[PDB]
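What follows is a short report on a single structure.
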Amino acid sequence: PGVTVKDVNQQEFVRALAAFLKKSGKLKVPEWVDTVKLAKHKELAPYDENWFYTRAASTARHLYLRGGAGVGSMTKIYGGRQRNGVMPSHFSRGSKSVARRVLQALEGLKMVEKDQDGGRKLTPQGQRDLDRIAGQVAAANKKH
Amino acid sequence: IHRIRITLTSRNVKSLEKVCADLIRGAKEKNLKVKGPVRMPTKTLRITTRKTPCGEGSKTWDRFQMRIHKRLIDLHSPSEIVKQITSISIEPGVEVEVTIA
Amino acid sequence: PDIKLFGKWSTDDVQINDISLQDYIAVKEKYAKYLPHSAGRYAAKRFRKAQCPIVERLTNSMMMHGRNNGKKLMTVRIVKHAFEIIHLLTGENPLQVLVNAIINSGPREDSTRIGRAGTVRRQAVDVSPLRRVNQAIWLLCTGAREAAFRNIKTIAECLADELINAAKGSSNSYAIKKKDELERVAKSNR
Amino acid sequence: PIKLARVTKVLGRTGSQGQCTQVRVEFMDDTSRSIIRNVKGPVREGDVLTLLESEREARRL
Amino acid sequence: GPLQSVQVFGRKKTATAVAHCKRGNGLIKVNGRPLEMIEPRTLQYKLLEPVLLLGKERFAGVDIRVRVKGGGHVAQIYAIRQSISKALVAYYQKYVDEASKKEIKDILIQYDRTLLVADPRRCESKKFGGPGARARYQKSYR
Amino acid sequence: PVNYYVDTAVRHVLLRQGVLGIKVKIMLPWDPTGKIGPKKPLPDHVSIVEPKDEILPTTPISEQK
Amino acid sequence: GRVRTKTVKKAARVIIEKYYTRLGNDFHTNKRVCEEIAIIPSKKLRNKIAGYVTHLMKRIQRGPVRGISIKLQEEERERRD
RNA sequence: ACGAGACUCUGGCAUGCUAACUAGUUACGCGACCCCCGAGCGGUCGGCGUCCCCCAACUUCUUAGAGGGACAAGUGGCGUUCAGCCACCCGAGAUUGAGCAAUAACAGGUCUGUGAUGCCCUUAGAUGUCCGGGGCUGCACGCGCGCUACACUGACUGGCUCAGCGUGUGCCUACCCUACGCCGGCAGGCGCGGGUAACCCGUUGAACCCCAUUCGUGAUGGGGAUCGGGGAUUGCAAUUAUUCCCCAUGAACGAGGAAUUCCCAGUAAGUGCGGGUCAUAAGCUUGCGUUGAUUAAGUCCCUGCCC
RNA sequence: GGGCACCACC
Ligand SMILES: [Mg+2]
Ligand SMILES: [Mg+2]
Ligand SMILES: [Mg+2]
Ligand SMILES: [Mg+2]
Ligand SMILES: [Mg+2]
Ligand SMILES: [Mg+2]
Ligand SMILES: [Mg+2]
Ligand SMILES: [Mg+2]
Ligand SMILES: [Mg+2]
Ligand SMILES: [Mg+2]
Ligand SMILES: [Mg+2]
Ligand SMILES: [Mg+2]
Ligand SMILES: [Mg+2]
Ligand SMILES: [Mg+2]
Ligand SMILES: [Mg+2]
Ligand SMILES: [Mg+2]
Ligand SMILES: [Mg+2]
Ligand SMILES: [Mg+2]
Ligand SMILES: [Mg+2]
Ligand SMILES: [Mg+2]
Ligand SMILES: [Mg+2]
Ligand SMILES: [Mg+2]
Ligand SMILES: [Mg+2]
Ligand SMILES: [Mg+2]
Ligand SMILES: [Mg+2]
Ligand SMILES: [Mg+2]
Ligand SMILES: [Mg+2]
Ligand SMILES: [Mg+2]
Ligand SMILES: [Mg+2]
Ligand SMILES: [Mg+2]
Ligand SMILES: [Mg+2]
Ligand SMILES: [Mg+2]
């Protein structure tokens, strides 16, 4: 009876993992987090000031599900639609300097490591942490 | 004894399949080991143009299409027998390439 | 097993009081489904849409205007919320409310036009049951749509109010007014 | 009074654009009764029509 | 304990879902996830329909794992339903008597024929002179 | 069938006062061999064979050989 | 519409005239006989010819047809008349 | 006899055949993680072996060849009981969509596609051909094909999760698609690799859609025109802004008169993605998927064309 | 006086 990541709801898992990363306090946060927007198709900066932890949690979860993703892959993952005035909308990618710093910060926690083929993947410690978080989420969901 | 790959490329399927069958039969008559023929996905080149040489009339379009078919055959054998069986294989319209991996 | 719409609205207690419309409202046992979403081919042949459940017909007719074409998941959610609101407001099965609203909203006598482009003259005729159901659904959806526009009020609340008023027979609803005016003109064109 | 009637036979298509349908209808209360009616919308045999005024009759084709 | 299993597929416009059903205890998963975690959850009942119609008793002796690919979200859900139903019917045909298969097939077909028979509809090609297959560009006079 | 049953040729000839155009179309005959015509027949031509003469049986005869 | 062009009708009538003994009321046996005796370069045309041959055989069994006449049928009608 | 049909391509069915490390499945070994209250013939794995000395089988899923399959065939009605029409069973399917398309014509368009071409005109102060600089875009005004909107069935900020058709390093000919690491807030810049391609981009993590957050009928956080100041890329050259990015500015528009267009099922509409043009490059066109309907199974009233 | 067509209408 062991809970894995795929068993629980993904949004609640992301919330719980972001809370765990914030409470840990060992994550490295850039200085410009409060003055930048996450992509060129965004109009405003993110509403949540603790958005870096949420993005790090999402990146860790994605590396859990599909390993070997680089900066370009993460940039494509978080890209979205761009509306440009009186012209038709088009797909647009995210900011590379945010994805790169999220990956570097996760590597600083010994949760993400360089992949032999290329890109980054999860360490056994990161997988253990994610499975523990999934178990906590499942227990909280069942108890209430 | 070499692992030898034969790649056959053609524009019509009847000649291509005839050549592939001839090669398979010829090779198997020498008690050889043959894999295939494995058929690659067909390629379809398309050109869409206007019919009129000028810019007058209803906007009508021609849709020209070309289809390319590709086959692979694998053989565990020395070079000489492969050339023996290949010499007959010459057919109009089929490009045969023999490589040693 | 028992099949309840959205898992909580049963269909056994619902009953249709109009003999004419019994063959064109599909709410009963063999037409009981969990969701108003089936991806069926009901438009392939004539009269085949009488076998489509009436909740799914409302859902199909709620995907207007062109800015809402094809968005059927939002429409299913709207119908679900509207049924919840109807149950809270009235205290009865929202399927019965929908059936009563459709029964009351369908015009019974219409006027057919013979018109030279400017002037038009008309003659009173009867309306088949299938057209009655179609026009009732169209009127209800149009009333809810016009109520929700440029107003701080959810589309589900407006749909619930329209359905409740139509089932009650009150003239506060768009469909009742339209039916009354159509029947008055038909009466005057006899 | 309002009456109900059963469609016994579909006769034809009437109207300037063919929009109306001419059918034969028999009253539920009196099975002997039968008149000719014009209906708007798709109608087939066995349908039940609600006649608000049942005295009017239509000029058949 | 013989190794008895059946793999059956279901299709929607471009979506294909293949279900592998073997002897087991009652596990049913899609891409490794439970049936209740598949999105969108607006159409969750469409995914639970075969189980609700047949009951957990008929699924209590098999493990089913589904792999989905292609199409959109709704098409993938409708493919998963059909794959589950057809896999259960094919398992009952081979490793149980014909009467049980007949009962299950009748129950499934009465509720919805698309649980066992695929929908042939596919997108129609665009023709030059208009935005799509049927629509044409706006004509002007004078 | 126009693709393999009809042979077409378009030519230009320059005479003293301008260009004339020549178009020639030839419909090939059906040939079982591929020498001077298409091998395959026209799609809508159906050739029903004439049945062979059969001797009317009168008495059951058993032949052993 | 499902009207048969004169090609199918003519081929079916000739087949019934020449091979009345071998035919019957079964579409599949008829379509197997037709490819045996006749040369139809199309599968759809052969199916149409066989499907008209079956209809014509049923009509003949019901009674005389305005068109073709079978030698056996003529000889039998001689005995009838 | 030609045309129509027939025909060719295409889309739906095959657990039947053929056969695949440039496609996979299942199983078995190794490994990582979770549950020591059920620790297991346990769950998750797009993590590594299983063809190449020896270390698994098989085509359901993917590709593409050969064949099958549907014919108004079966039943019941209506019909001259014919030609055929309606309904129903079985069935993947009981009307998929295109291509090709007769006799006769038009003073229809094209000499600005042609080293197709007859006559005129010009040919060294050129109507030839290069180079430099401008113009084709110039704005009191009318007319078409369109894009974006007028919001709450919405906008914004996060999170979650799904395609298909295709292109890619070029005789002249310079100009290809891009993974990964670092720098920058972004447009971008540096390194270092793969691909002449079912092999690499790529499991093409597309957008609508879905789940939460903020706003609250206010020309408003709807809409994004017009302008100011900065930065970067393509080019020999960017001013009359090539394109792109960042702050700032914040117009009309609250659903549109007379009139008028297109469309019958995976269709209309919504939503993105490829190809052409392309040093720089899509509000156009030509294709592709995804979500997905209302209405109709009729008529000759309007328009038009034939007997 | 008939027949047909969402480049006609309903
Ligand atoms: Mg995205
Ligand atoms: Mg915009
Ligand atoms: Mg509102
Ligand atoms: Mg489409
Ligand atoms: Mg479209
Ligand atoms: Mg296969
Ligand atoms: Mg002229
Ligand atoms: Mg010319
Ligand atoms: Mg010229
Ligand atoms: Mg000239
Ligand atoms: Mg020009
Ligand atoms: Mg100069
Ligand atoms: Mg110049
Ligand atoms: Mg110009
Ligand atoms: Mg135009
Ligand atoms: Mg427009
Ligand atoms: Mg356009
Ligand atoms: Mg929305
Ligand atoms: Mg905005
Ligand atoms: Mg916000
Ligand atoms: Mg969003
Ligand atoms: Mg404003
Ligand atoms: Mg504003
Ligand atoms: Mg400037
Ligand atoms: Mg200028
Ligand atoms: Mg701005
Ligand atoms: Mg018009
Ligand atoms: Mg486009
Ligand atoms: Mg481009
Ligand atoms: Mg253009
Ligand atoms: Mg007319
Ligand atoms: Mg109209």
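Each chain gets a letter, A, B and so on, in the order its sequence line appears, and its residues count up from 1. Both backbone and side-chain heavy atoms feed into the values below; hydrogens, waters and symmetry mates do not.
With the cut-off at 3.5 Å for both distances, I:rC4 forms a Watson-Crick or G-U wobble pair with H:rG304. The bases H:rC264 and H:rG287 are not paired as Watson-Crick or G-U wobble with both atom distances under 3.5 Å. If you check H:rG16 against H:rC160, you find neither a Watson-Crick nor a G-U wobble pair with both contacts below 3.5 Å. With both distances required under 3.5 Å, H:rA94 does not pair with H:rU226 in Watson-Crick or G-U wobble fashion.
Taking atom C1' in both H:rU63 and H:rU25, one finds a spacing of 15 Å when rounded to whole Å. Rounded to whole Å, the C1' atom of H:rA66 lies 39 Å from the corresponding atom of H:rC53. Rounded to a whole angstrom, the distance from the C1' atom of H:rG108 to that of H:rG170 is 42 Å. Atom P of H:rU169 sits at a distance of 15 Å from the matching atom of H:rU280, rounded to the whole Å. Spacing of P atoms, H:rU226 relative to H:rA252, comes out at 15 Å, to the nearest Å. Comparing the P positions of H:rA32 and H:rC61 gives an interatomic distance of 37 Å, to the nearest angstrom. Atom name P, nucleotides H:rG287 and H:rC186: the rounded distance is 40 Å, in whole Å.
With respect to E:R134 and E:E124, a salt bridge is recorded, a charged nitrogen being found less than 4.0 Å from a carboxylate O.
Closest approach of A:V5 to A:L130, counting heavy atoms only: CG2-O, 3.9 Å.
For the OP1/OP2 pair of H:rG266 and a distance below 4.0 Å, the side-chain nitrogens and oxygens of E:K12 include no atom meeting the criterion. Under 4.0 angstrom from either OP1 or OP2 of H:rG254 there lies no side-chain N or O belonging to C:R150. Considering only side-chain N and O atoms, G:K43 lies nowhere under 4.0 angstrom from the phosphate OP1 or OP2 of H:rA70. A close approach under 4.0 Å does not occur between any side-chain nitrogen or oxygen of A:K42 and OP1 or OP2 of H:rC156. A:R83 has a side-chain polar atom (N or O) that falls below the 4.0 Å cut-off from OP1 or OP2 of H:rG223. Residue E:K13 has a polar side-chain atom (N or O) positioned under 4.0 Å from OP1 or OP2 of H:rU291. In this model, the phosphate group of H:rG266 is not approached by any side-chain N or O of E:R122 to a distance below 4.0 Å at OP1 or OP2. Contact check, A:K37 against H:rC246: a side-chain N or O comes under 4.0 Å of OP1 or OP2. Contact annotation: A:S73 side-chain N/O to H:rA179 OP1/OP2 distance is not under 4.0 Å. Close to H:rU153, at under 4.0 Å from its OP1 or OP2, lies no side-chain N or O of C:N68. A sub-4.0 Å separation between OP1 or OP2 of H:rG276 and a side-chain N or O of B:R46 is absent. Residue A:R66 places at least one side-chain N or O under 4.0 Å from the OP1 or OP2 atom of H:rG205. Between A:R101 and H:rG184 there is a side-chain polar atom (N or O) within less than 4.0 angstrom of OP1 or OP2.
Pair check for H:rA269 finds H:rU291; Watson-Crick or G-U wobble, both atom distances under 3.5 Å.
In this model, a side-chain donor or acceptor of A:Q11 finds a partner on the base of H:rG159 within 3.5 Å. Taking 3.5 Å as the limit, the base of H:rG43 and the side chain of E:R65 contain no donor-acceptor pair of atoms between them.
Within residues 126-142 of chain E, the residues that place at least one heavy atom under 4.0 Å from RNA chain I are, in residue-number order, E:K139, E:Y141.
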